[PDB]
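Structure, as structure tokens:
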2 protein chains.
Amino acid sequence: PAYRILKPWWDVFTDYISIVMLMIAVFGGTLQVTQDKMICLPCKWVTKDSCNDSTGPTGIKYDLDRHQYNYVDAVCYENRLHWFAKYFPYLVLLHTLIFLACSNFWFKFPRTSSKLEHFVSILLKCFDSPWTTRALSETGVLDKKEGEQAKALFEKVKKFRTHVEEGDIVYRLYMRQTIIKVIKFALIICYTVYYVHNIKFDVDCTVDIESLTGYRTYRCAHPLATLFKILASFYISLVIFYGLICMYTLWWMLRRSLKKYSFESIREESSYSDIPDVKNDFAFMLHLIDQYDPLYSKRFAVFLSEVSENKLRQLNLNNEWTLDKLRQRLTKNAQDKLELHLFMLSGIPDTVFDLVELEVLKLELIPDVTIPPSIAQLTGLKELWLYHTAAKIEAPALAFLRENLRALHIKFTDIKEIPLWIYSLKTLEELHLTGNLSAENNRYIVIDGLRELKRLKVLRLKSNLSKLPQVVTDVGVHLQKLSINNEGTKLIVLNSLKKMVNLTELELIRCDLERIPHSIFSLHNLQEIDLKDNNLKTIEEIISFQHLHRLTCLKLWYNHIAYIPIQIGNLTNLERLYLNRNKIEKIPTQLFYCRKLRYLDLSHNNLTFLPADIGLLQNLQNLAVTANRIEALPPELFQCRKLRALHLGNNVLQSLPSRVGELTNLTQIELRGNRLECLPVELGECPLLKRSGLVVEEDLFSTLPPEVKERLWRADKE
Amino acid sequence: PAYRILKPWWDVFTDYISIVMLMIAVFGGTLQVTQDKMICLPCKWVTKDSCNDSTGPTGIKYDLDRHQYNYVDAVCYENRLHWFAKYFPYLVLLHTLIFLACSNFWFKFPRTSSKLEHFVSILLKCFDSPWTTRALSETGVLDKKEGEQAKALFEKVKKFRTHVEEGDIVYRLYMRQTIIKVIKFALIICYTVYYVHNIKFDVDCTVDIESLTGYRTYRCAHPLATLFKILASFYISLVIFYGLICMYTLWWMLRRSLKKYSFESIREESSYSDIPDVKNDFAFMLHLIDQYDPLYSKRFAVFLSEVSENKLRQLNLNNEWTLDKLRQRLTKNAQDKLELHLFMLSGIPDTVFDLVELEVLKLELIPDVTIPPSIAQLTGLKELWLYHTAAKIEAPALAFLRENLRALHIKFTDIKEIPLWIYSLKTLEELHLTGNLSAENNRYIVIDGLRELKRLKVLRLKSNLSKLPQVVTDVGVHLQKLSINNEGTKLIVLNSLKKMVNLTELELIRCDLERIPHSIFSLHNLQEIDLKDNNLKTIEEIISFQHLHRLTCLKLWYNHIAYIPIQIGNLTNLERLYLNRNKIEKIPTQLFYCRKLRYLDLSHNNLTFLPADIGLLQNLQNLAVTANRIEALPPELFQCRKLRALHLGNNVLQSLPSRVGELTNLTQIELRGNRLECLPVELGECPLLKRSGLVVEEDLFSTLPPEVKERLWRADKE
């Protein structure tokens, strides 16, 4: 009912031939059992154990009782009848039983029976699956249950292939059965043809029975001899057909090396070129099914293609993640735009394009993903993150992003991972590059197309570059903010900054320059400048910084600066100053000449004293002197009531002056890490400073007056 | 188990006839086995190997024992009884078995058994399909899974047809089987009719056994001979019927040329000419099923016709997208026009034309759309948007569109996918081209039909063109509005804009001119000019702007203009002029000669304070200096009474002048990102200012007195 698919035409023909042989055997057996008598008459004149056949004629008197005739018949039948005539039906019954056993040996051998049952069940599953139909049709949307069932079928197929690949028992067992059938046919043909001529109607008998009858020899007649001869010839012809069929099977087994399956036809005509050529013990069962019907093999092809696996994986992925689950996965980033981050997925779920509220999409380790056009449903998309994903795109989505995308982030370890189509994103304004780009004789080759980014305004370079790309210098004609992170690689300007005259922010982090380039000063449009981690020692180049009439903020944090040049007194244009984590030891008075200053951090330095001129900078809002050696505070500092916060931590401030409460606009303090005796009570008179804004160790905190404790706590509550 | 559907009436009759033949075969066989004795007597007077046939009568004494009679019977039965009388039933059994084997060969031959079971399975699937019931009843909405299974059935039918039309095995096998049946019938009837005469009741046997009985020849009676004779006559009659039926089947197979099926009645009973001529190995099963009955063939032919599949799949689409679902998804676009979006649909739902209330429709990513005449149902439709949707049009559809269309948007990724009929329309007022049509050596030829748009007035050409096509200038002799966006590509004018005398609103977006061409100056009737991000640096050409007498609006922002020339004040006609996002640092007093100016934007510029002359332009209502370096608000600006918006957010404003309450018409105020400590109270006396209208930080918003905040909240509430 189910294994009939596994029976080629030769097998079913041999089964029918065996059934016919069995019918012949049972008919001959019942015929011989019911009546197989001999009829014997004695030879009156006999020589050489055979009589010579020598008014009206009269009968011959033998003077024998009927029982004497019966006794002679029995004796001659048991003795002088050829054993072939006596035992032909049982012989053919035994031979056909052996043939049936040989046919069914591999079916009843559990070691290969389990493999055959698994093969047939899996082949039926692959034949009746709905996924293979659509896979062949394509050369979509489906239910959860059917998708997971199809996935289970795929993994069962892989397990079955692993199991049957190393077996190589079915092929040799089939060879053994075919050889056994062939040799049985050969011996049967030889001996049966040799002995068939030994059954005949006339037979002679000489049994040395005189004391019971008185005659020596008898001419016996075997009435069933001719019918048995006809049955024997019919059976011999049947065995000849059986042997011819078995020999054809043997030849079929030895003309194409059935151990190996070509598989080329369907793997090339269905465009699934990634279909393996099947190997031993698995090519053979596929050959058998081909002999039944190649359509089953064609259906089973799509479960080894290695590509249909990707298709099913992405389809089940699209099935699983629902828009509700994605919204629960939705997060708000630092820049306060609606964010969904995809990490370590085989592909992009299609339901992510159902969230019209999405603004920024991230792709972290997503292999072989091509952007579907359904991205058009995402109106708010402005930022796209490529965290180590080489992603392709099609024309409609490409145009949609060309007209809609504003920010792009590329994190890569290889240049080939960069999507070549990004250069058409003519509405792109901000791009972030992470990954080395220098190539042996092909460095700065991919980025030549950056001239196409006409609306580019922000660029992030993290590639350990030693010479700045010329194309960057060219495109900087409209750039407004440029950030580079060489991560320890020394960068040489080679006077390649005097063409990005539109730049308004220049950040050079970990570029290891050790000097301030002169082309910085030529950018009079600059406003904010940083020289992080370039091991700066002397910043006297600020002499040429007076050309920068609109330089507002300057950062020299995390450098090796030891002193503040007096020239900064001339550049009063500064509004934010960052100099922490340097080796600066003292504050010259000239620094206090920038009266419009609003931010000042001098943390992590060798500073020991605070000059009194700090009070001259009324607009200062925050102060940071963390990790310094200041022990006492000049009271003039407390004349800047508009100082919202101050960072005195990790210092050696012995005692806080009581004027601190005069700073009403103050809201935050840093006091942990300093050797203080008791907190001033006047500190608790600040209208806006709260326990949240009051940072200090608990031992100094408990010395606060109880009214101060209650006021700070109630400010924290509300 | 409806396998008999492939058995015609004659196959059934042959089966029954074979059953009867086998029945008489087993009857004759068991009769011959049980009793076939031939009773022989010697005759004393022999003439020519035969009995001469020559006081009361007395018997004849032959002097033979019973056993000698038995021996004579055996020998004469063996030798001189004609073999036909002995072996008639076995021959009948053999022939009946051969006939049954021929009849069931194709059922039991696995190669063709596979195709036959495949065909019967798919046919039984098709017969029970409600799709057939609905299609034949057509001569309303059901389950989606029903449409899906119908489409899957269509696909599997296509795949099977592709599989089986090339085989040509079942026909040749059936032909060979029926030929074998007929030739076997001929041979058997020949020999049986010839040899049935030897079934005689009495037979003379001359055997030459003298030494055993002493009689030369014997007369024998075969008692069963007459019964065998009538059995053989009956068998001959049955074989005659069987052979006549097989001859009829041969005639049926050799007159209709069964290799090709007709499928002709379909196009006259259901007007379905969507059915091919079925080739070999598939017409055969169709013919056989027809011989059963044609109802199955008819109810199966529908699944072959692709047009019926398309129409009922469209029915399924309508089942998914019902009219109420459409109106639920119905939206209004920004231009106050009822619009529905059809994004990534397989085909146009038919129900959409039940809603005449639509005037704008957008078709994006809907493959192979052919515009139906049912678009005539939508009278008020005026605008259609084509997004990557190559559309074929119909004559009623083209007629309706050439007289009931006002504006058209077509976007295309390739030249070949533009519909060619669009130029033929005459009522089209607005055409929107969005797609790179740049071609080499045959540029501006694909749109050579552009001159056929005689009612065109508004034209949007976003095609990344290097120079303006001459055909565009040809059509521009009568146009009104032209919008060009080259996406950063430089636009070449070269005396190709002075011919658009009737243009009313000119817009150049990222045309990369970098310098205003003189051509615009010849267009006196022009009203509004835009140069969005055309990399402009010098705008001296505004001196020639006095040629444009009615020029009231100017758009030059998103450019790199640093200094405003004075002579722009000579244009008193100006009404709205935004100049944000430029390098403007000081507004010349001459610019304030444009007394009729009403809307001004100066955001993202480098101003520090404002000239007094702005107070003299009372006609202004909207001012925008957002995100700038304006130190303080000059009070003279309060003299412009009808100001309803002041976009002053993100400035360096320190203290807001109290005269803000002087603006009664003041509606919207944005002040985020300003260094403002305290707010004036007059801000709460503005009748048209509301809490949403006033954009200010909530903690800073709490600086206002409680009455101010309460009044603003009450005004905003209703």
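Scheme for the structure tokens: letters A, B, ... for chains in order shown; per-chain residue numbers from 1; ligand numbers from 1 in order shown.
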
- Query: What are the residues of chain B that have an atom within 9 Å of an atom of chain A, counting only C-alpha atoms, as a PyMOL selection string?
  - Reply: chain B and resi 33+44-45+61-68+70-71+74-75+77-78+87+108-115+152+155-156+159+163+208-216+343-344+365+387-388+413+487-488

Compile the contact shell of residue B:602 as a PDB file with N, CA, C and O atoms, in the first residue's frame: residues with an atom at most 6 Å away, counting only C-alpha atoms, same-chain residues fewer than 3 positions apart removed.
```
ATOM      1  N   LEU B 579      14.886  83.614   3.459  1.00  0.00           N
ATOM      2  CA  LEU B 579      16.316  83.555   3.186  1.00  0.00           C
ATOM      3  C   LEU B 579      17.069  82.862   4.312  1.00  0.00           C
ATOM      4  O   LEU B 579      18.156  83.296   4.698  1.00  0.00           O
ATOM      5  N   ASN B 580      16.508  81.785   4.850  1.00  0.00           N
ATOM      6  CA  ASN B 580      17.174  81.098   5.940  1.00  0.00           C
ATOM      7  C   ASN B 580      18.322  80.234   5.415  1.00  0.00           C
ATOM      8  O   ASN B 580      18.510  80.061   4.208  1.00  0.00           O
ATOM      9  N   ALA B 624      11.127  84.731  10.965  1.00  0.00           N
ATOM     10  CA  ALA B 624      11.809  83.515  11.392  1.00  0.00           C
ATOM     11  C   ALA B 624      13.306  83.774  11.462  1.00  0.00           C
ATOM     12  O   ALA B 624      13.952  83.975  10.429  1.00  0.00           O
ATOM     13  N   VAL B 625      13.853  83.762  12.674  1.00  0.00           N
ATOM     14  CA  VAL B 625      15.291  83.895  12.878  1.00  0.00           C
ATOM     15  C   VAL B 625      15.767  82.745  13.753  1.00  0.00           C
ATOM     16  O   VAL B 625      16.722  82.889  14.524  1.00  0.00           O
TER      17      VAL B 625
END
```

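Separating atom CA of residue B:509 from atom CA of residue B:617 is a distance of 29.2 Å.
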
- Message: At a cut-off of 8 Å, using only C-alpha atoms, what residues contact residue A:153? Leave out same-chain residues fewer than 6 positions from it and give the result as number ranges by chain.
- Response: A: 122, 125-126

- Task: List every residue of stretch 473-621 of chain B that DSSP, applied to the backbone of this structure, places in helix (DSSP H, G or I), and write the result as JSON, numbers by chain.
- Result: {"B": [473, 474, 475, 518, 519, 520, 521, 522, 540, 541, 542, 543, 544, 545, 546, 547, 566, 567, 568, 569, 570, 589, 590, 591, 592, 593, 612, 613, 614, 615, 616]}

Need the shell around residue A:569: protein/DNA/RNA residues with any atom at most 9 Å away, counting only C-alpha atoms. Skip same-chain ones fewer than 4 positions apart. Format as a JSON list (two decimals) with N, CA and C atoms, in the first residue's frame?
```json
[["chain", "number", "residue", "atom", "x", "y", "z"],
["A", 565, "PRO", "N", 48.88, 78.94, 27.62],
["A", 565, "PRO", "CA", 49.53, 80.14, 27.09],
["A", 565, "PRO", "C", 48.70, 81.38, 27.33],
["A", 589, "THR", "N", 46.42, 84.32, 34.68],
["A", 589, "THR", "CA", 45.34, 85.30, 34.75],
["A", 589, "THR", "C", 44.72, 85.57, 33.38],
["A", 590, "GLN", "N", 45.50, 85.42, 32.30],
["A", 590, "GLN", "CA", 45.01, 85.73, 30.97],
["A", 590, "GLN", "C", 43.79, 84.89, 30.60],
["A", 591, "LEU", "N", 43.73, 83.65, 31.09],
["A", 591, "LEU", "CA", 42.58, 82.79, 30.82],
["A", 591, "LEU", "C", 41.28, 83.43, 31.27],
["A", 592, "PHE", "N", 41.32, 84.27, 32.30],
["A", 592, "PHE", "CA", 40.13, 84.91, 32.83],
["A", 592, "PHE", "C", 39.67, 86.10, 32.00],
["A", 593, "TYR", "N", 40.30, 86.34, 30.85],
["A", 593, "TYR", "CA", 39.95, 87.50, 30.03],
["A", 593, "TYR", "C", 38.84, 87.21, 29.03],
["A", 594, "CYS", "N", 38.37, 85.97, 28.93],
["A", 594, "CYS", "CA", 37.25, 85.63, 28.05],
["A", 594, "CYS", "C", 35.97, 85.70, 28.87]]
```

- Mind giving me the straight-line distance from atom CA of residue B:576 to atom CA of residue B:463 in Å, one decimal?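 Going from atom CA of residue B:576 over to atom CA of residue B:463, I get 28.7 Å.
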
- Message: Taking the DSSP secondary structure from the backbone, can you list the residues of stretch 451-654 of chain B that are strand (DSSP E or B), as a ChimeraX atom specification?
- Response: /B:458-462,467,481-485,492,505-509,515,528-530,538,553-555,576-578,599-601,622-624,645-647

- Item | From B:470, B:477, B:559, B:404, residue lying nearest residue B:513 [only C-alpha atoms] |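 Among the listed residues, the smallest separation from residue B:513 belongs to B:559.
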
- Item | Selection near stretch 667-670 of chain A, 6 Å with only C-alpha atoms, sequence-local residues under 3 positions removed, as a VMD selection string | chain A and resid 644 to 649 688 to 689 693 to 695

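The environment of residue A:316 within 12 Å, counting only C-alpha atoms and disregarding residues fewer than 6 places along the same chain, consists of residues 131, 140, 141, 142, 143, 144, 145, 146, 147, 148, 149, 150, 151, 152, 309, 310, 322, 345, 346, 347, 348, 349, 350 and 351 of chain A.
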
- Message: Taking 4 positions as the minimum chain separation for residues in the same chain, which residues sit within 8 Å of stretch 252-263 of chain A when counting only C-alpha atoms? Answer as a list in words.
- Response: residues 171, 175, 248, 267, 275, 276, 277, 278, 279, 280, 281, 282, 283, 284, 286 and 287 of chain A
